[PDB]
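This note's numbering puts the first residue of the sequence shown at 1, with every later residue one more than the last. We treat Cβ as the ideally placed atom computed from N, Cα and C, and that holds for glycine. The structure appears below as structure tokens.
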Amino acid sequence: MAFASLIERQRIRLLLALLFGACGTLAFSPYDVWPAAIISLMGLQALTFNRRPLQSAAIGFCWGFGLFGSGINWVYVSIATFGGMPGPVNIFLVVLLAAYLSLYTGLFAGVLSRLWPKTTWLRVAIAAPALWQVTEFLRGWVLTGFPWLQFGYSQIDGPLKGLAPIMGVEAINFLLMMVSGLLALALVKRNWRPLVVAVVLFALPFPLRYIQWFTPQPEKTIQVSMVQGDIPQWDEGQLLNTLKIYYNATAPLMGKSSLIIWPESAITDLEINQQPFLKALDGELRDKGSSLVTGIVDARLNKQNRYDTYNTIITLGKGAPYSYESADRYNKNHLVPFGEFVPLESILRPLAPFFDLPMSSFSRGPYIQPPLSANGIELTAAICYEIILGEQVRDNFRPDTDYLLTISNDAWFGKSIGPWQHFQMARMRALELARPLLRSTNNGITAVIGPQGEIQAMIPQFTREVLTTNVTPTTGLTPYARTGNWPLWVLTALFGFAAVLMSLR
Ligand SMILES: CCCCCCC/C=C/CCCCCCCC(=O)OC[C@@H](O)CO
Ligand SMILES: CCCCCCC/C=C/CCCCCCCC(=O)OC[C@@H](O)CO
Ligand SMILES: CCCCCCC/C=C/CCCCCCCC(=O)OC[C@@H](O)CO
Ligand SMILES: CCCCCCC/C=C/CCCCCCCC(=O)OC[C@@H](O)CO
Ligand SMILES: CCCCCCC/C=C/CCCCCCCC(=O)OC[C@@H](O)CO
Ligand SMILES: CCCCCCC/C=C\CCCCCCCC(=O)OC[C@@H](O)CO
């Protein structure tokens with residue numbers, strides 16, 4: 001009898017949930033098995049059927065734990081290499097992070113069955129997508145958020161990619177949970193009608209993939225070069241060898257590439273301390289008709305005679321004469337949680353011994369900043385983690401933007417799937433805004449993404465290489481570039497409002 005007790009059957013559901021959760025990791029790069037997203041969501045919606053809320057919440061937690069425990073544990077690579085803590089602590093911190101994010105899938109499951117206990121199409125097709133949209137927003141907002149592993153991104157090369165330029169990637173998250181909900185409903189109820197509807201709703205967006213919301217601008221085509229210095233991890237001697245690598249790789253490209261790009265924090269020294277190098281390089285670039293965009297750390301003295309330390313992008317050369325007082329620059333807005341700041345650190349700071357506090361704290365640039373301009377080219381900039389924040393990138397985008405720009409350094413996570421998941425989401429921005437995206441990294445993944453998310457050029461990871469190719473700007477506004485998120489939030493409110501009112505009836 002034991003195998004069939006009520007608690008054992010609940011536990012079986014918890015194990016299955018863990019498995020279905022882990023299957024969802026296969027949807028994202030480098031695995032790119034986009035059907036695994038539909039499989040993972042079908043289990044989440046099937047295993048929560050006919051459960052009390054706290055049971056369902058536990059199922060949603062274990063589902064998320066399988067998803068995040070298997071799709072985010074690459075953060076271990078950075079913790080174990082630079083954290084200085086024993087192995088067990090490092091494992092525990094990774095488990096901790098996955099348990100934290102699993103709270104939001106648990107919240108989704110608990111709320112879904114509490115308000116929509118019955119196995120309906122309303123539950124799986126109306127309430128679930130609406131509620132999923134809410135709990136996923138909270139995951140990406142609370143404590144500055146971590147909106148990593150959103151199944152919509154797995155459709156970058158899939159049947160539903162045509163929806164992203166219209167309503168953004170969250171619209172794909174929305175439809176996937178609806179389509180997966182109906183498939184789950186068809187199987188447990190062994191009924192063909194929800195299957196047909198799921199197939200229609202899933203296939204209707206297919207032709208949209210062929211819409212080109214943009215027009216190429218051939219007369220503005222240029223040769224761009226992206227230097228992948230592949231620099232490992234307080235030594236001037238090594239900074240000089242870093243400028244040597246970048247200068248020597250860049251010098252033969254001046255006069256040939258109109259735009260040259262070094263990655264995040266390529267110049268591993270304060271801008272204040274490199275005026276002679278930067279002015280000399282400015283002159284050489286200007287005298288050959290080339291421009292350089294580069295990452296750097298800028299400790300800027302402020303009104304209060306203190307230093308705001310920014311993660312910065314500077315410009316030099318033709319159409320961007322370098323100057324410490326230039327406004328042709330970009331300061332990272334969204335810092336990496338636990339990388340560039342610790343959440344809640346401002347509140348709990350007065351109690352910390354001064355000697356234990358970090359030497360410097362990173363400051364944040366404004367949420368909206370103008371495009372960078374180099375050699376007459378408009379570049380909407382995002383640094384590293386910022387490229388995953390679709391709404392933010394779209395609010396900095398302007399109709400005159402020629403290319404999206406992202407520079408980053410993903411060496412912290414070595415050979416793991418992290419950099420690939422990051423690269424995957426970056427491509428969704430190019431598709432959302434119908435602009436080519438230039439992605440310059442330290443040791444990968446360095447690539448040019450076309451206006452429909454396609455990989456147009458790329459150099460392999462872990463190589464000291466220059467990616468040189470011709471790139472063409474685009475003009476035109478996708479429906480999502482014009483609107484942003486609010487169309488889907490209306491649809492989410494319509495769905496949410498209609499579902500909860502019927503649950504009250
Ligand atoms: C068929 C039955 C098999 C039983 C369970 C199957 C489901 C698996 C998902 C479970 C995910 C667990 C999360 C723990 C964190 C991993 C970690 O410690 O980090 C590793 C990192 O060091 C490597 O980079
Ligand atoms: C600032 C932080 C706020 C974060 C927002 C989320 C709020 C949480 C409440 C609701 C959802 C989480 C509770 C259910 C999961 C825990 C559980 O039942 O575990 C069972 C499992 O362990 C069996 O093994
Ligand atoms: C330029 C503008 C282009 C605009 C294109 C965007 C398209 C987005 C809309 C897609 C969402 C439709 C969802 C309908 C739900 C039907 C349902 O719940 O069925 C239940 C039944 O199956 C139970 O048996
Ligand atoms: C009861 C409350 C429990 C709440 C959950 C606890 C969360 C634990 C996770 C902390 C460990 C993750 C460290 C990631 C390092 C990022 C990095 O490498 O930085 C890159 C940066 O340098 C690029 O600029
Ligand atoms: C003791 C304080 C307790 C505070 C409560 C826990 C808060 C949890 C929320 C968010 C934590 C997850 C962030 C992981 C960062 C890895 C990443 O994304 O880096 C990739 C690349 O972009 C870097 O270059
Ligand atoms: C009731 C019907 C039968 C139920 C069977 C369940 C079927 C679905 C799930 C598939 C199980 C595989 C989960 C792990 C996938 C590998 C992965 O995620 O690799 C991440 C790795 O890289 C860690 O970093």
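Compare the beta carbon distance of residue 151 and residue 27 with 8 Å and say whether it is the shorter of the two. yes
Three-state secondary structure assigned by DSSP to residue 341: strand
Determine the burial state of residue 510: buried for a count of at least 16 other Cβ atoms within 10 Å of its Cβ, exposed for fewer. Look at the range of the chain in this structure, 1 to 505, and you will see that residue 510 is not part of it.
Inter-residue CB distance, residue 485 and residue 386 (contact presumed, cutoff 8 Å): With a Cβ gap of about 17 Å, residue 485 and residue 386 do not count as contacting.
Hey, is residue 126 close to ligand 6, as in C-beta under 7 Å from one of its heavy atoms? no
Considering only heavy atoms of ligand 4, does any lie closer than 7 Å to the CB of residue 95? no
Sequence-distant residues of the same chain with beta carbon closer than 7 Å to residue 508, five excluded per side: Residue 508 cannot be examined here, being either before or after the span of the chain that is shown, 1 to 505.
Between which two residues does the beta strand (DSSP E) holding residue 449 run? 446 to 449
When we look at the beta-carbon of residue 191 and count the other beta-carbons within 10 Å, is it buried (16 or more) or exposed? The Cβ neighbour count for residue 191, taken over all protein chains shown within 10 Å, is under 16; the residue is labelled exposed.
Suppose only complete runs of 3+ residues qualify. What are the beta strand (DSSP E) ranges in the region 182 to 264, listed by chain order? 222 to 228, 259 to 261
CB of residue 65 to nearest heavy atom of ligand 1: below 7 Å? yes
Locate the alpha helix (DSSP H) running through residue 395, then write down its first and last residues. 390 to 396
Measuring alpha carbon to alpha carbon, tell me which residue in 427, 471, 466 is nearest residue 452. The shortest C-alpha separation from residue 452 is found at 427.
Output yes or no for whether 8 Å exceeds the beta carbon distance between residue 468 and residue 253. yes
Contact test: residue 18 Cβ vs ligand 1 heavy atom, cutoff 7 Å: yes
Among 93, 432, 405, the one whose alpha carbon lies nearest that of residue 446: 405
Check the C-beta distance from residue 213 over to residue 478 and give it rounded, since I have them as a contact under 8 Å. 4 Å
Report yes if the C-beta of residue 92 is less than 7 Å from at least one heavy atom of ligand 5; otherwise report no. no
Name the two residues that bound the continuous beta strand (DSSP E) containing residue 459. 455 to 459
Are there any heavy atoms of ligand 2 lying less than 7 Å away from the beta-carbon of residue 106, as far as the coordinates show? yes
Nearest-angstrom Cα distance between residue 18 and residue 165? 33 Å
Less than 7 Å separating the Cβ of residue 197 from some heavy atom of ligand 3? At least one heavy atom of ligand 3 is nearer than 7 Å to the Cβ of residue 197, so yes.
Please classify residue 227 as buried or exposed, where buried requires at least 16 neighbouring CB atoms within 10 angstroms. buried
How is residue 462 classed by DSSP in three states: helix, strand or coil? coil
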